[PDB]
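A short write-up of the structure that comes next.
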Amino acid sequence: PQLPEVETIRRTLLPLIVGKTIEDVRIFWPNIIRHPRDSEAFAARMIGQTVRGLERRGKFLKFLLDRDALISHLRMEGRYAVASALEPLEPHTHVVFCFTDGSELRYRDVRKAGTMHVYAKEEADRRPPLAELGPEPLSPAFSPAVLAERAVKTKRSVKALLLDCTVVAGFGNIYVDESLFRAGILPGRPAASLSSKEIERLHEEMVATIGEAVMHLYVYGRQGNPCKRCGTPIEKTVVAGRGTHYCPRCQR
DNA sequence: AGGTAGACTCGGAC
DNA sequence: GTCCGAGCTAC
Ligand SMILES: [Zn+2]
């Protein structure tokens with residue numbers, strides 16, 4: 001799930017779990033548990049806590065309990081569902097939080113790729129994976145000024161910059177390509193080569209792109225097809241270890 | 001010093 | 001065998 005989908009999960013899951021008390025935690029794929037590293041400690045500490053809130057930072061969900069916060073990343077295919085303990089689990093269910101009311105919060109992931117970290121709430125923001133996470137793209141904390149400052153200080157491409165989680169939170173590959181297209185900027189441009197005007201335009205398109213989605217595609221996955229603005233075939237390359245899609249006419 | 005690239009994790013489709 | 005995408009180690 002991308003940031004807007006995670007925001008949707010946050011919004012929709014919260015009412016379904018708030019006020020419920022954990023009675024058991026069952027773990028079927030221990031590698032998902034990153035902190036405490038021992039899955040038995042992870043399970044033991046959450047028993048008896050009540051779910052109080054659900055927040056989002058970038059693509060991370062932060063489940064707020066009584067004492068602890070559970071920090072969860074779904075990666076590409078991770079999903080949560082709330083359902084009855086009396087019914088069979090869905091395939092690829094790796095972690096289940098059992099509530100005292102006979103319902104469960106279940107985490108599935110065919111790719112077994114997601115991560116879970118539990119810390120005391122007051123610690124979560126200064127420990128991995130939230131430590132160092134950049135500002136929310138839709139927040140005033142993500143500004144053209146901030147973007148420009150990171151851009152001048154690096155020798156990396158503008159695409160590599162936008163993919164950097166310390167620059168801006170949870171801005172996935174798809175939105176990087178779409179935003180760069182909308183801003184008219186080639187993904188392989190050195191970040192420091194962007195003019196002030198280009199930085200401001202890129203900021204504006206990043207906000208618009210991810211903002212509209214939180215509320216269809218110009219280039220991402222469209223290689224070999226006509227640009228929707230100029231008709232030039234979309235091209236695909238690799239930039240910063242990601243599939244990279246762009247119009248060589250609209251973007252400069 | 002610390003910015004930067006690589007490796008690592010995973011499974012399903014070409 | 002690689003392609004895909006997110007987010008500790010060693011130059
Ligand atoms: Zn075009």
Side-chain angles (χ1 to χ4, degrees), chain A residues 1-7 9-10 27-37 39 42 56-62 69-80 90-95 107-119 124-137 146-148 150-180 187-193 206 209-210 213 217 219-224 234-246:
Chain A
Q2 293 305 326
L3 186 153
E5 289 166 305
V6 178
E7 179 60 26
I9 293 169
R10 190 206 71 73
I27 299 165
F28 312 110
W29 192 250
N31 286 347
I32 291 173
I33 313 313
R34 302 307 178 88
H35 189 278
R37 225 311 160 180
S39 67
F42 171 101
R56 179 194 57 77
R57 276 287 283 133
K59 288 171 176 176
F60 296 100
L61 290 167
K62 184 193 288 184
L70 159 66
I71 311 304
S72 175
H73 201 281
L74 303 190
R75 291 275 278 105
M76 308 310 305
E77 307 280 16
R79 307 170 55 98
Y80 278 107
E90 296 90 348
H92 313 302
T93 299
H94 304 310
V95 181
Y107 177 74
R108 299 183 58 191
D109 193 342
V110 61
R111 283 180 66 180
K112 307 190 184 181
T115 58
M116 293 179 181
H117 292 80
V118 169
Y119 303 99
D125 289 338
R126 66 175 175 85
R127 300 290 186 187
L130 298 181
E132 308 307 337
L133 186 59
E136 289 299 321
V146 168
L147 187 54
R150 296 304 299 272
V152 298
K153 293 163 52 65
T154 190
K155 294 181 172 59
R156 300 186 292 164
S157 69
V158 60
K159 168 137 189 188
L161 183 74
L162 304 192
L163 285 171
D164 192 329
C165 67
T166 70
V167 172
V168 58
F171 214 87
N173 194 43
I174 181 164
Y175 292 122
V176 168
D177 285 4
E178 291 297 306
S179 300
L180 286 167
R189 297 264 311 274
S193 82
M206 291 175 70
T209 292
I210 219 154
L217 292 172
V219 295
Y220 186 88
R222 297 194 67 253
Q223 63 268 26
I234 300 308
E235 308 200 341
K236 174 169 179 185
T237 186
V238 174
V239 174
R242 295 287 176 271
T244 299
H245 313 79
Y246 63 94

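Just so we're on the same page: letters track the sequence lines, and every chain starts at 1. When reading the values below, keep in mind they use all heavy atoms of this one structure, side chains included, and skip hydrogens, waters and symmetry mates.
Here, C:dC11 and B:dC8 have their P atoms 14 Å apart, quoted to the whole Å. Using P as the reference atom, B:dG2 and C:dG7 are 24 Å apart when rounded to the nearest Å. Separation of the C1' atoms belonging to B:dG11 and C:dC8 is 23 Å when rounded to the nearest angstrom. Rounded to whole Å, the P atom of C:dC3 lies 15 Å from the corresponding atom of B:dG6.
Here A:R156 pairs with A:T154, A:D164 under the side-chain hydrogen bond (donor to acceptor under 3.5 Å, both in side chains) rule; sequence neighbours left out. Residues meeting the side-chain hydrogen bond (donor to acceptor under 3.5 Å, both in side chains) test with A:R127, sequence neighbours left out: A:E123. Partners of A:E90 by side-chain hydrogen bond (donor to acceptor under 3.5 Å, both in side chains), not counting sequence neighbours, listed by chain and number: A:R106. Residues meeting the salt bridge (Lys or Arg N to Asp or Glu O under 4.0 Å) test with A:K62, sequence neighbours left out: A:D125. Judged as a ring pair (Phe, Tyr, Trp, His ring centres under 6.0 Å), and not counting sequence neighbours, the contacts of A:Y107 are A:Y80. Qualifying side-chain contact (heavy atoms from CB on, under 4.5 Å) partners for A:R189, counting only residues two or more places apart in sequence or in other chains: A:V158, A:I185, A:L186, A:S193, A:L194, A:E198. With sequence neighbours excluded, no residue forms a salt bridge (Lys or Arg N to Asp or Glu O under 4.0 Å) with A:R75. With sequence neighbours excluded, the residues forming a side-chain hydrogen bond (donor to acceptor under 3.5 Å, both in side chains) with A:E136 are A:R56, A:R57, listed by chain and number.
Across all strands, A:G172 comes closer than 4.0 Å only to sugar-phosphate atoms, never to a base (heavy-atom distances). At the heavy-atom level, A:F171 lies nowhere under 4.0 Å from the strands shown. Contact annotation for A:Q2: backbone-only contact, meaning every heavy-atom pair under 4.0 Å involves sugar-phosphate atoms and none involves a base.
You can see that DNA chain C meets the heavy atoms of chain A within a 4.0 Å-exclusive cut from C:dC4 to C:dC8, reading 5' to 3'. Along DNA chain B, read 5' to 3', the first and last nucleotides having any atom under 4.0 Å from a heavy atom of chain A are B:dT4 to B:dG12.
Stem regions for DNA chain C, each three or more consecutive Watson-Crick or G-U pairs with both distances under 3.5 Å and listed by first number, read B:3-6 with C:8-11.
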Show the atom names and distances, to 0.1 Å, of all donor-acceptor pairs under 3.5 Å that link a side chain in residues 112-119 of chain A to residues at least two apart or in another chain.
{"unit_1": "A:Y119", "atom_1": "OH", "unit_2": "A:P128", "atom_2": "O", "d": "2.8"}

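Nearest-nucleotide positions on DNA chain B for A:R75 and A:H92 put A:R75 closer to the 5' end.
Atom-to-atom distance recorded for A:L74:CG and A:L61:CG is 5.5 Å, nearest 0.5 angstrom.
The side-chain hydrogen bond (donor to acceptor under 3.5 Å, both in side chains) test with A:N173 is passed by exactly one of A:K159, A:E178, A:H245, A:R242: A:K159.
Glycosidic conformation of C:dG5 is syn; the angle stays within 90° of 0.
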